[PDB]
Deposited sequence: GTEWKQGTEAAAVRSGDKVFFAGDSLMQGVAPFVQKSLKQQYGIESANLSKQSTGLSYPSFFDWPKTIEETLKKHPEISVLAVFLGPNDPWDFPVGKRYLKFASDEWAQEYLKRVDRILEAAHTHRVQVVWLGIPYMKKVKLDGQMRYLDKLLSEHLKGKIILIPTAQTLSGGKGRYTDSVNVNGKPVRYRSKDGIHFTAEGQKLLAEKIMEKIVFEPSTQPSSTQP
């Protein structure tokens, strides 16, 4: 199944499902409010602190997504935002994979593909946010690696929303504030202010298209 790669269509009765870690936790509530007030569309926000794809033993996002779509066939959009808890070695069965090795990357993308397969089998449109720049230098290098690993794999398959340049006003590197200076990033150099969360929520809404009952038109 081939979803749209530019935007996701929603109809009355659809739900939007938000997944990820604390990057998503602060953003999703703004999107949920906008979906409800603009379109009457309900949502489920399952984002959870400290989670990711590297350690399903802590919280299994692919399994959670499979089970949630089974319980809620009315979900038509899955939005995903994660990354900072994942730049670690991790075990797979009897293997122990080292961060950013070829085998690590292959298994990480297999987990990504499991999420895409679960969504696409059920005609659910996936939206995935790019990872922001980070204040800390080593983490930023890890996140730039992971963001490129994900984006190279996901481009042309799903809807991607880059965030790094947007949150830094195009500077190409981490900034706390963006021009009147406005602070988008929280104090830990990872998460967002309310203004940063609202900006990213607006970027998500740009990729969600409400379809009235008289669309599409007949020919």
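Asker: What's missing from the model if you number the deposited sequence from 1?
Answerer: Residues missing from the model, as numbered along the full deposited sequence, span 1-3, 183-185, 226-227.
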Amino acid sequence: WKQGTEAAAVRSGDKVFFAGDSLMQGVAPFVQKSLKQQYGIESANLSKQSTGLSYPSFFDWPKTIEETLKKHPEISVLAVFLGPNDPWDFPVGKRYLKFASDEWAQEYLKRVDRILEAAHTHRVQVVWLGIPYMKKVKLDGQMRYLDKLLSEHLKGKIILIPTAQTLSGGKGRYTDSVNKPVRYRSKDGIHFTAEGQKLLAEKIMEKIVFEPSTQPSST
From here on, numbers count along this sequence of modelled residues.
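Asker: Is the mean CA B factor in the deposited entry higher across 168-176 or across 64-72?
Answerer: On average, C-alpha B-factors are higher across 168-176.
Asker: Taking the recorded C-alpha temperature factors, which stretch has the higher mean, 207-215 or 191-199?
Answerer: Comparing 207-215 with 191-199, the higher mean C-alpha B-factor belongs to 191-199.
Asker: Going by the deposited entry, which of 111, 144, 95, 123 has the highest CA temperature factor?
Answerer: 95 has the highest C-alpha B-factor of those listed.
Asker: In this PDB entry, which of 154, 41, 28, 182 has the top CA B-factor?
Answerer: Top of the list by C-alpha B-factor: 182.
Asker: Please rank the C-alpha B-factors of the chain's modelled residues and tell me whether residue 83 sits in the lowest, middle or highest third.
Answerer: CA B-factor rank for residue 83: lowest third.
Asker: Against its chain's modelled residues, does residue 134's Cα B factor rank lowest, middle or highest third?
Answerer: Middle third - that is where residue 134 ends up once the chain's C-alpha B-factors are sorted.
Asker: By the record's CA B-factor, is residue 54 among the lowest, middle or highest third of residues in the chain?
Answerer: Residue 54: CA B-factor falls in the lowest third of its chain.
Asker: Sorting the chain's CA B-factors, does residue 102 end up in the lowest, middle or highest third?
Answerer: For residue 102, the deposited C-alpha B-factor lands in the highest third.
Asker: Lowest, middle or highest third of the chain for the C-alpha temperature factor of residue 37?
Answerer: Middle third, going by the recorded CA B-factors of the chain.
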